[PDB]
Amino acid sequence: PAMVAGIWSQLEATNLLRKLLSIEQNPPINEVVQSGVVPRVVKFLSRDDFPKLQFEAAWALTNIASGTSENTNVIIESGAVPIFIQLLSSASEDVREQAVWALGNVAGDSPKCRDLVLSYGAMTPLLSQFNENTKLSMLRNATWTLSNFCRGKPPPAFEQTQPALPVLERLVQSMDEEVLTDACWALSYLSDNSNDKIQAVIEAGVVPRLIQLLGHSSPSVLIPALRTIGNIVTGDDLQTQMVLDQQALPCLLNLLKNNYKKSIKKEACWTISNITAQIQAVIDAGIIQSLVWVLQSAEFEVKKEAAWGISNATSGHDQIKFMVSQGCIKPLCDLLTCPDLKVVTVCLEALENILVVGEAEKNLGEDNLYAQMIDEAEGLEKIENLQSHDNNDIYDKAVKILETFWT
């Protein structure tokens, strides 16, 4: 409005500058760059002797880091990021926490910013920061900044984030919901797309704790923990087995059985489908009833995942007979009229696998029971209608099912 930048005690000015930037609506950031006093403020970061000015300066730049990637990039070009790194070793507790904050804002903005922060080796001082003497405010701030250090896609070089795993393992032991949430998010990022990464996460010994978090009374914690476990099962079988051996399935059942948040149910189904690829384990837990219940009653985003869970099991003989005895056919049949072609093909794949086992056990004088059951559930009509379908791939899949099991 009518500011005088008397920064050239000027702390008084730096405080106003900082407070102006921390305005909620229309923060006047770009006009601070017009005046061009950012390098002067960057010099104040290097004033260990006068930590109030240092604190108000760091805060003022943390605020500029918030928002858009530019004007975020001007803080990078000013050379403030390296200064924030060595501020993590300052004697002032308020400066250290502020330095942690600033680096979180920056790293979180983009993978380019993240990698830049990691290239300067911000990890090492950020970890030498968690201990018994660490307060709640610092504990929360640091775990969150760490969350952003691992966040983003493309992901950061695994081996840069790898030493976080030892610390993360301890952070999940906490009972603070803000710390637990971000820790699980951090872990969920470190398990995405690479069996090598998934293995490292298991070796840290976080799996048993994450199971307990599946029974947590707060979706903030429940979701990222459930996501991490979902990522662990997407890897190979020996990795998937480690979650099974930790009795994760009773916890997953609860999420389907009890009426949790719509999005949590669908994450649980997604996780179950990545197991069915060790199918024996899921059957013993009694998941199929609730999974069939979901496949009929629950809304489409969850049905889609349930369908995947069923089909993948039928891909991986005696087991299928139990699934049919749970009344899974009718559920699968009525989804053949679905608008989504991906789930229609998934259901065809499922019924085909069932019909194969139907023919198999028939040859042991009777008919194919499952083909009869499909016909009994109005399923044969729906399959015959797929011959008039737009998608050629579905016509083809529909025809080959008829020619093999109905002539």
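Neighbour counts of other C-beta atoms within 10 Å: give me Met323, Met138 arranged from fewest to most. So the residues, fewest neighbours to most, are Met138, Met323.
Computed over the alpha-carbon pairs of the stretch 50-209, the distance histogram in 10 Å steps reads 11, 42, 35, 11, 1 percent, short to long. Shape annotation for the stretch 320-385: C-alpha extents along the principal axes are 39, 20, 17 Å, from largest to smallest. Quick one: pull the percentage of alpha-carbon pairs in the chain with a separation above 42 Å. I get 34 percent for the Cα pairs in the chain exceeding 42 Å. Residues whose amide H comes within less than 5 Å of that of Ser22, counting only those at least five positions distant or on another chain, are absent (H built at 1.01 Å from N in the peptide plane).
The ranking of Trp185, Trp101, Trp8 from fewest to most other beta carbons within 10 Å of each one's beta carbon is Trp8, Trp101, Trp185. For the set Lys19/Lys43; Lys262/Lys321; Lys257/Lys342; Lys303/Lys330; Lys265/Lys330; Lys330/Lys362, the pairs lying more than 24 angstrom apart at their alpha carbons are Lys262/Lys321; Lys257/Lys342.
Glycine also receives a Cβ, built like all others from the backbone with ideal geometry; neighbour counts cover every protein chain displayed. Throughout, read-outs are computed from the coordinates displayed, never taken from laboratory work.
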